[PDB]
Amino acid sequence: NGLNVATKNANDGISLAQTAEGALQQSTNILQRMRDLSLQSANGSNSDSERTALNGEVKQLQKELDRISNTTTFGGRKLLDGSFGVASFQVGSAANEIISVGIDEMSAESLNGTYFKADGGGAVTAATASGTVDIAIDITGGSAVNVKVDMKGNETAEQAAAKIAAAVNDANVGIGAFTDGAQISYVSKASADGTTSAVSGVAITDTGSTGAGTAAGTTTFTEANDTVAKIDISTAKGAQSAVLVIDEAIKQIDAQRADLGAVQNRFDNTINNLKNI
């Protein structure tokens, strides 16, 4: 007795899981479109105006993520807004024989990523003499990556800062350097275990006594976390941070989808067993 009902319940569990998987497939594609807008905006040929327009599109996509999380439903229950929790499906003839389907919030606010930030200790100064600036980029768990810039000896502080920041970016070792006038700030990806910055320090030596000085270095990268709702690609720094947050958000949806896939197989097994009974 109860086998017909247990089988229907199981099949509803499958349908709910499929309903969630179809919604989350939409969300992943929206994040991919956001990630492409962010890579486009990071490009240094863009004016501020063009980055403002690309951010307008990202804002549309953020609203699409929130459509999906707020309207995705199975029967009378919302699946993705955080209110779902875990549904217990009664898939046996005895009381309290359950397969659970857990679905977490999947919205612009819940989706997030951790990265690391730092600011130079002070402004780059004018390079009044020609010669080399050495920058040592401290790789967490490896040695230093050493890069160089040649000052002509005529750079303003701002022009000297653009050159130092570009030497750092040209190394492509996981760190972005961004100017605001003569000041430099830094974004690094997380290390392999997610616990610290992939880059732990930036140390400048003004080897050639150019006058640029060494203040734009920093010993300290601190943990940062943004939700997908806080992403803003109207600056190159925001564009590059957004790519980092989006990779994490894609991983989070992927984990939820893999769980929903695996639960579908448990329901399949149970249905087969019930049939055999």
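Start at 1 and count along the sequence shown; that's the residue number.
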For the stretches 116-124 and 191-199, which has the higher mean C-alpha B-factor as given in the deposited record? 191-199
Stretch with higher mean Cα temperature factor, 43-51 vs 23-31, is 43-51
Based on the PDB record, which member of 101, 151, 94, 162 exhibits the highest Cα temperature factor? 151
Taking the Cα B-factors listed in the entry, which of 133, 79, 166, 87 comes out highest? 87
B-factor third for the C-alpha atom of residue 65 within its chain: highest
Please rank the C-alpha B-factors of the chain's modelled residues and tell me whether residue 252 sits in the lowest, middle or highest third. lowest
Can you tell me whether residue 7 has a C-alpha B-factor in the lowest, middle or highest third compared with the other modelled residues of the same chain? lowest
Is the Cα B-factor recorded for residue 184 in the lowest, middle or highest third of its chain? lowest
Here the Cα B-factor of residue 108, set against its chain, lands in the third termed middle
